[PDB]
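**Student:** One structure, pasted below without further comment.
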Amino acid sequence: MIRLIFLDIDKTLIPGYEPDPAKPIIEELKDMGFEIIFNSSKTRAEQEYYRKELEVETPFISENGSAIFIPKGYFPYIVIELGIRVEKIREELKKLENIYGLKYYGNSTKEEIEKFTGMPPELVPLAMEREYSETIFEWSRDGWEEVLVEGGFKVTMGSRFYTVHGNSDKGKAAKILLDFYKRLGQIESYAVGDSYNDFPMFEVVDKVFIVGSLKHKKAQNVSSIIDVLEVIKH
Ligand SMILES: [Mg+2]
């Protein structure tokens with residue numbers, strides 16, 4: 001049987017932006033025989049950095065399930081796009097930008113982005129390589145969300161800011177990836193997250209953990225990712 005776990009990153013796997021704290025977690029999960037799938041709002045460029053740093057070479061899912069990346073020849077990258085291109089999102093944000101005082105990646109400076117996100121300077125370039133979504137760092141007037149929703153977009157609160165994306169989510173992407181594993185055998189699925197963008201995942205796995213206080217029906221709350229591992233041991 002295949003044990004697979006979907007791991008969110010920000011505010012779930014690591015405290016901040018440095019990968020180091022997660023090394024022990026990934027090693028332990030690997031020793032326990034898990035297939036570790038990152039499923040984060042982070043861009044593919046950002047996740048490739050974490051993957052390389054943590055030696056994770058499994059499929060991963062980016063920008064709130066907007067795309068599934070499967071390493072060439074992984075199953076006995078191949079990209080499955082499920083969201084919408086970021087240029088279409090920016091076209092609409094541009095129209096709303098000066099109506100709602102919006103600040104997002106496309107209209108903010110590296111400096112602003114660092115201040116908004118608390119991101120280490122050297123990592124900001126990976127965050128700016130967006131393919132299917134935007135992040136709203138701030139606004140000066142409410143109402144833009146309703147407008148984007150009616151325009152066909154999804155607005156989902158993440159670990160730090162709202163994310164504007166297309167017609168997909170972490171669960172739709174997880175569900176599709178889970179089918180690939182099912183062709184290989186029986187699966188015991190887990191999901192670990194921390195915010196609203198993680199809810200769609202919870203609806204598709206057997207066991208669910210939430211790091212922090214956000215409550216969810218099918219989810220068991222814990223204070224940290226370490227706890228998740230302890231619980232799993234049993
Ligand atoms: Mg998160």
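Residues are referred to by chain and number: the chain letter is A, B, ... according to the order shown in the structure tokens, the number counts from 1 in that chain, and ligands are numbered separately from 1 in the order shown.
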Enumerate, as an MDAnalysis selection string, the complete set of residues in chain A that a backbone-based DSSP assignment places in helix (DSSP H, G or I).
**Tutor:** chainID A and resid 20:31 44:54 86:100 105:107 110:117 121:127 144:150 170:182 196:202 225:232
**Student:** So which residues are near ligand 1, meaning at most 9 Å away with only C-alpha atoms and all ligand atoms counted, given back as a list in words?
**Tutor:** residues 7, 8, 9, 10, 11, 12, 13, 40, 41, 158, 159, 160, 193, 194, 195, 196, 197 and 198 of chain A
**Student:** With distances taken over only C-alpha atoms, which residue among A:100, A:34, A:199, A:75 lies nearest residue 148 (chain A)?
**Tutor:** A:100
**Student:** Return as CSV the residues of region 49-131 of chain A lying at most 12 Å from region 30-33 of chain A, together with the closest atom-to-atom pair for each and the distance in Å to one decimal, counting only C-alpha atoms, with rows in chain order and ascending residue number.
**Tutor:**
residue,atom,partner,partner_atom,distance
A:54,CA,A:30,CA,11.0
A:55,CA,A:30,CA,10.4
A:56,CA,A:30,CA,9.3
A:57,CA,A:30,CA,11.4
A:58,CA,A:30,CA,11.3
**Student:** Quick one: pick out all strand (DSSP E or B) residues within region 8-228 of chain A from a backbone DSSP run and write them as a PyMOL selection string.
**Tutor:** chain A and resi 10+14+34-39+60-62+67-70+78-81+103+133-136+138+154-157+162-165+187-193+207-211+220-222
**Student:** Compare A:72, A:206, A:92, A:201 by their minimum atom-to-atom distance to residue 151 (chain A), counting only C-alpha atoms, and give me the closest one.
**Tutor:**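 Going through A:72, A:206, A:92, A:201 one by one, the smallest distance to residue 151 (chain A) is for A:92.
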**Student:** Please build the interface table for region 16-80 of chain A against region 165-172 of chain A with a cut-off of 8 Å, listing for each qualifying residue the nearest atom pair and the distance in Å to one decimal; count only C-alpha atoms, order rows by chain and increasing number, and write it as CSV.
**Tutor:**
residue,atom,partner,partner_atom,distance
A:39,CA,A:170,CA,6.7
A:40,CA,A:170,CA,7.8
A:61,CA,A:170,CA,7.7
A:63,CA,A:165,CA,7.7
A:64,CA,A:170,CA,5.0
A:65,CA,A:170,CA,4.2
A:66,CA,A:168,CA,5.8
**Student:** Next, write the just-selected residues to a file, as a short mmCIF file (atom, residue, chain, number, x, y, z; two decimals), in the first residue's frame, keeping C-alpha atoms as the atom set.
**Tutor:**
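Written file, out_12.cif:
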data_model
loop_
_atom_site.label_atom_id
_atom_site.label_comp_id
_atom_site.auth_asym_id
_atom_site.auth_seq_id
_atom_site.Cartn_x
_atom_site.Cartn_y
_atom_site.Cartn_z
CA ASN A 39 0.49 21.43 -2.52
CA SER A 40 1.02 25.10 -1.92
CA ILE A 61 1.00 21.15 -7.12
CA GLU A 63 -0.68 28.11 -7.01
CA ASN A 64 -3.73 26.61 -5.30
CA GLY A 65 -4.06 23.56 -7.52
CA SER A 66 -3.66 25.55 -10.74
#
**Student:** Considering only C-alpha atoms, state which residue in the set A:209, A:77, A:144, A:69 is at the smallest distance from residue 97 (chain A).
**Tutor:** A:144
**Student:** Contacts of residue 139 (chain A) at 7 Å or less, counting only C-alpha atoms, minus same-chain residues fewer than 3 places along, as a PyMOL selection string?
**Tutor:** chain A and resi 100-103
**Student:** Please, could you write that set of residues out with N, CA and C atoms as a PDB file, in the first residue's frame?
**Tutor:**
ATOM      1  N   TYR A 100      -9.943  50.048  -6.226  1.00  0.00           N
ATOM      2  CA  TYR A 100      -9.833  49.473  -4.891  1.00  0.00           C
ATOM      3  C   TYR A 100      -8.474  49.574  -4.192  1.00  0.00           C
ATOM      4  N   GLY A 101      -7.557  50.369  -4.739  1.00  0.00           N
ATOM      5  CA  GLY A 101      -6.250  50.515  -4.118  1.00  0.00           C
ATOM      6  C   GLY A 101      -5.479  49.203  -3.997  1.00  0.00           C
ATOM      7  N   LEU A 102      -5.608  48.328  -4.991  1.00  0.00           N
ATOM      8  CA  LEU A 102      -4.932  47.022  -4.934  1.00  0.00           C
ATOM      9  C   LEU A 102      -3.415  47.002  -5.115  1.00  0.00           C
ATOM     10  N   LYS A 103      -2.747  46.200  -4.288  1.00  0.00           N
ATOM     11  CA  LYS A 103      -1.308  46.003  -4.446  1.00  0.00           C
ATOM     12  C   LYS A 103      -1.138  44.488  -4.574  1.00  0.00           C
TER      13      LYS A 103
END
**Student:** Nearest to residue 96 (chain A): which of A:157, A:29, A:136, A:84 is it, counting only C-alpha atoms?
**Tutor:** A:136
**Student:** Quick one, how far is CA of residue 79 (chain A) from CA of residue 47 (chain A)?
**Tutor:**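 These two atoms are separated by 14.3 Å.
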**Student:** Which residue gives the smallest distance to residue 178 (chain A) among A:28, A:218, A:17, A:2, with only C-alpha atoms counted?
**Tutor:**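 Smallest separation from residue 178 (chain A) among the options: A:2.
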**Student:** Fewer than 5 positions away in the same chain doesn't count, so skip those; otherwise give me all residues within 7 Å of residue 6 (chain A), counting only C-alpha atoms, as an MDAnalysis selection string.
**Tutor:** chainID A and resid 36:39 190:192
**Student:** Return the single residue from A:216, A:42, A:3, A:95 that is closest to residue 133 (chain A), with distances computed using only C-alpha atoms.
**Tutor:**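 So, comparing all the options, the nearest one is A:42.
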